[PDB]
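The chain contents come next:
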Amino acid sequence: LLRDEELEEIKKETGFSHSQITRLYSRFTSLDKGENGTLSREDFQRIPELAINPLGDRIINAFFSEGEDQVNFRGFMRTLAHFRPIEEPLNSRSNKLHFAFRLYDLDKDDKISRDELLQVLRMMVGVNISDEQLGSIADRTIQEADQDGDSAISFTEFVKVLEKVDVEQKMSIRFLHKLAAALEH
Ligand SMILES: [Ca+2]
Ligand SMILES: [Ca+2]
C-alpha cells in the first residue's frame, strides 16, 4: 500500500494528480507478477499497448537505468512523467525530447548515427519503403539536423531542428500521451 508521503512527493516530482497516481499504483501493482515491489522488463509485456508498438522494447528498456533490471514505483512514475501532456517539469519540451532522443541513441554516446537512425526508420515505416529510400531519408534527416558536420545528430541538433515545431502534436509524442492515459484508466 502506497503511503501518503510517498504520494505527495510523487505528485510534486511528476505533476500527476493524487487521483492519477493512485490509479497508476494499482496498474503498477497488477503488473508486479513477482510481488516484490518492482517490475522487470518481462512484466511490461502485460501492457499489450506498449509491447505491440514498434518501439515497445525500446520504450520499456528506457524505464531501466544502467545496471538495473528491476524498476520501482518511483522509477516507474518518473519515467511516465515524461509522457504527460503539457498543460522544469519532467514533461518539458527538452525532457520529453530527451526521452525520444534516447530511443534512437542505442549505444548512449549522446549522438544518433546514420545506422541508429536507419534502425528506428526500419521499425516505423510501411511495407513499400525501399532500402534505398531508407538511406535517403536517413541522410536527408541527418543533413537537416547536422550543424557541426559530423554526419551524426547531437541532442542539441535534434532539439534545434524541432525548435519551432509543435512537438506535442507529433504522432509518436501523442502515442506517449495515450499510453500514460491508458495505464491510468
Ligand atoms: Ca549513438
Ligand atoms: Ca552533428
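What the entry reports as its method is X-ray crystallography, with 2.20 Å given for the resolution.

Visitor: Describe the packing of helix α2 (residues 18–31) against helix α10 (residues 171–184), naming the residues involved and giving the relevant values.
Guide: Packing of α2 against α10 leaves a shortest axis separation of 8 Å and a crossing angle of 80 degrees. Classified by the interaxial angle, the pair formed by α2 and α10 is roughly perpendicular. Seen from α2, the contacting residues are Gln-20, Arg-23, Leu-24 and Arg-27; seen from α10, they are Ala-180, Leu-183 and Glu-184. Its residues placed into classes, the contact of α2 with α10 shows 3 nonpolar, 1 polar and 3 charged.

Visitor: Talk me through the packing of aromatic side chains; I want residue IDs and the actual numbers.
Guide: Per the stated rule, a full pass over the model turns up 14 aromatic pairs. Of the aromatic side chains, those joined through ring pairs into one cluster are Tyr-25, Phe-28, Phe-44, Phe-63, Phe-64, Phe-73, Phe-76, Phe-83 and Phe-99. Directly above the ring of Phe-64 sits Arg-41, whose terminal nitrogen or CZ lies 4.5 Å from the centroid. Sitting above the plane of the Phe-16 ring, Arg-84 keeps its charged end 5.6 Å from the centroid.

Visitor: Provide a residue-level description of the coordination of the calcium ion (ligand 1), including the pertinent values.
Guide: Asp-105 (OD), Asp-107 (OD), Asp-109 (OD), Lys-111 (O), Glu-116 (OE) and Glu-116 (OE) make up the full set of protein donors to the calcium ion (ligand 1), lying at 2.2 to 2.4 Å. The site at the calcium ion (ligand 1) holds 6 donor atoms, and with the angles between them running 54 to 153 degrees, its shape is irregular. Along the chain, the residues donating to the calcium ion (ligand 1) fall in the pattern D-x1-D-x1-D-x1-K-x4-E.

Visitor: Could you give an account of the coordination of the calcium ion (ligand 2), naming the residues involved and the relevant values?
Guide: Within the protein, the atoms that donate to the calcium ion (ligand 2) are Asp-146 (OD), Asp-148 (OD), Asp-150 (OD), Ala-152 (O), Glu-157 (OE) and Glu-157 (OE), at distances of 2.1 to 2.6 Å. Of note is the calcium ion (ligand 2), whose 6 donor atoms meet at the metal with angles of 52 to 155 degrees in an arrangement that counts as irregular. All donors to the calcium ion (ligand 2) come from one chain, and their sequence spacing reads D-x1-D-x1-D-x1-A-x4-E. The buried category is assigned to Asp-146, whose relative accessible area is 16%. Taking the relative accessible area as the measure of exposure, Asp-148 reaches 49% and is therefore partly exposed.

Visitor: Talk me through the environment of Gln-20; I want residue IDs and the actual numbers.
Guide: Here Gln-20 shows up in helix α2. Setting aside its immediate chain neighbours within four residues, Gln-20 contacts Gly-15 and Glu-184.

Visitor: So what about the environment of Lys-178? Which residues, and what values?
Guide: As for its placement among the helices and strands, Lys-178 is situated in helix α10. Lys-178 sits in the exposed class, given a relative accessible area of 52%. Remark: the alpha-carbon pair of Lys-178 and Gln-143, spanning 35 residues in sequence, is separated by 31 Å.

Visitor: Hey, could you go over unusual backbone geometry for me, with residue numbers and the actual values?
Guide: The bulk of non-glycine residues show a negative phi, and the bulk of peptide bonds are trans. Even without being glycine, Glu-35 reaches a positive phi, approximately 45 degrees. One non-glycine residue with positive phi stands out, namely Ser-151, at about 55 degrees. Structurally, the position occupied by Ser-151 is in the loop between α8 (131–145) and β4 (153–154).

Visitor: Go over the nonpolar core with me, naming the residues and quoting the values.
Guide: Formed by 31 residues in total, the largest nonpolar core has its most connected members in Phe-44, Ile-59, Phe-76, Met-77, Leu-80 and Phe-83. For this core, the secondary-structure elements that each account for two or more residues are α1 (4–14), α2, α4 (56–61), α5 (73–81), α6 (93–104) and α10. Those residues in contact with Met-77 that lie beyond four places of it in its chain are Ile-10, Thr-14, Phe-16, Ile-21 and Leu-24. Core analysis: the second largest hydrophobic core is formed by 17 residues, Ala-100, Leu-121, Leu-134 and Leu-162 among them.

Thresholds, definitions, all that
Residues numbered from 1 in each chain as written, not as in the entry; some residues may be left out. Chains lettered and ligands numbered in written order. Heavy atoms only, no water. Axes fitted to C-alpha atoms, helices over the stretch in contact; angles between N-to-C directions. Helix = DSSP H or I, 4+ residues; strand = E, 2+ residues; numbered from the N terminus. Parallel < 35°, antiparallel > 145°, perpendicular 65-115°, else oblique. Contact = heavy atoms within 4.5 Å. Nonpolar A, V, L, I, M, F, W, Y, C, P; charged D, E, K, R; others polar. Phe/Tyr/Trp six-rings, centres within 6.5 Å; stacked < 30°, edge-to-face > 60°. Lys NZ or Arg CZ within 6 Å of the ring centre and 35° of its normal. Donors = N, O, S within 2.8 Å, 3.2 Å for Na, K, Ca; no water. Tetrahedral: all angles 85-135°; square planar, octahedral: opposite > 155°, others 65-115°. Buried < 20%, exposed > 50% of the residue type's maximum accessible area, 1.4 Å probe, protein only. Core = buried A, V, L, I, M, F, W, Y, C linked by side-chain atoms within 4.5 Å.

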